[PDB]
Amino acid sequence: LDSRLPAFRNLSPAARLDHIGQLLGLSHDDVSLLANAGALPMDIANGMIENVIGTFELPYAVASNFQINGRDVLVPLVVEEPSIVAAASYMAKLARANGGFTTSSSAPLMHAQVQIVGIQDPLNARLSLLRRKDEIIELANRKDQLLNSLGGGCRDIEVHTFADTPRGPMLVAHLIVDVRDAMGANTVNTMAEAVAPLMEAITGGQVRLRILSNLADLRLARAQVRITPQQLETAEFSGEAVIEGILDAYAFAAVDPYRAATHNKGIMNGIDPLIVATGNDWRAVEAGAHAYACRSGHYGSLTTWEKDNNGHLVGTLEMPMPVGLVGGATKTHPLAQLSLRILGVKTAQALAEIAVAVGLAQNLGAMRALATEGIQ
């Protein structure tokens, strides 16, 4: 696969769609999902959410030039805002010259929280739980046979205490669950509900919340990119001075939350449209991303930008990225299935890796434009 797509931006939507279909070998049926409006049947839309009266369209695009660990990929994106697809594509083009994007990710581990109140001895109860870990882990894994046989399941438990709250001391257990190719909320909510009575028996507390955490900091995905000064040279500036201006923009986001919010918004301009294109939950991804940005107590940049010893501009993105290939709209929406076909992804973590590569490219594009814009 060659994702360069020369001339794409100037082709008609039909000719774009034809080129995609040729490059990938999409069937006629696949192509007709995008050629004709209304690919989401109303009977399906009506079973997705409540009180449905119709459907709402956004444009569906493809970003070009992306390459992930040496493999070319085409990236579907659904969004209303201009410049995003272009910026991504152009930074992807530049990235290719130096090997594309390099990615990695954690195992697909999600937390389930079990909140326990009204214990007079929570610190002691925490050890009583930790001692009985294996028992709790076995109970968690009893019901979801499909998950286990696919090689997922509850791996471990950690327990936290919050002894100072206005509502008294709390204990909070986390089940740590490998959810394989799912986003995982239903899987872990189920397990949290299933172990709650047993934890209550061990601790003597009242269980309250039994619920996933969206701060999915054990489900991290990572991307890297490299850009050389020669690539960034403008009419106004040397490539070197552009790099320095990109580093200046980065330091500005790292110290000022007013800038960091905007900088990170730029990252999510790249990521959220992929999430939408694949039928995934963008509120989950957003909450994980921004909560992770302020894990230190200070709201900072999710990306890093540096100059290496060769003088090259090197960027990183590492962040929570809980996404699924199965479940909900990703299965039921015909175009979500088409997107996954276009992407070629075999695991949810592969989809996560593509996401962070696009977020990183979008951030770079935004910074480059802001740094190279002349003073009027």
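Take the two forms, find the largest set of C-alpha atoms that superpose within 1.5 Å, and that set is the rigid core. Residue numbers run from 1 along the displayed sequence.
S.K.: Quick check: by Cα RMS after rigid core superposition, does 139-147 or 175-183 differ more from this form in 8 other deposited structures of this protein?
M.R.: Between the two stretches, 139-147 moves farther in 8 other deposited structures of this protein.
S.K.: According to the deposited model, is the average Cα temperature factor higher in 152-160 or in 235-243?
M.R.: Between 235-243 and 152-160, it is 235-243 that shows the higher mean C-alpha B-factor.
S.K.: Taking the recorded C-alpha temperature factors, which stretch has the higher mean, 301-309 or 136-144?
M.R.: Comparing 301-309 with 136-144, the higher mean C-alpha B-factor belongs to 136-144.
S.K.: For the listed 317, 335, 26, 321, which has the peak Cα B-factor recorded in the PDB entry?
M.R.: Max CA B-factor in the entry, restricted to 317, 335, 26, 321: 26.
S.K.: Checking the entry, which one of 263, 96, 126, 219 has the top C-alpha B factor?
M.R.: 96 has the highest C-alpha B-factor of those listed.
S.K.: Could you place residue 351 in the lowest, middle or highest third of its chain by Cα temperature factor, using the values in the record?
M.R.: Lowest third, going by the recorded CA B-factors of the chain.
S.K.: Within this chain, which third does the Cα B-factor at residue 48 fall in: lowest, middle or highest?
M.R.: CA B-factor rank for residue 48: middle third.
S.K.: Sorting the chain's CA B-factors, does residue 256 end up in the lowest, middle or highest third?
M.R.: Tercile = middle for this residue's CA B-factor.
S.K.: Lowest, middle or highest third of the chain for the C-alpha temperature factor of residue 340?
M.R.: Ranked within chain, residue 340 CA B lands in the lowest tercile.
S.K.: Within this chain's modelled residues, let me know which third the CA B factor of residue 279 belongs to: lowest, middle or highest.
M.R.: It falls in the bottom third of the chain.
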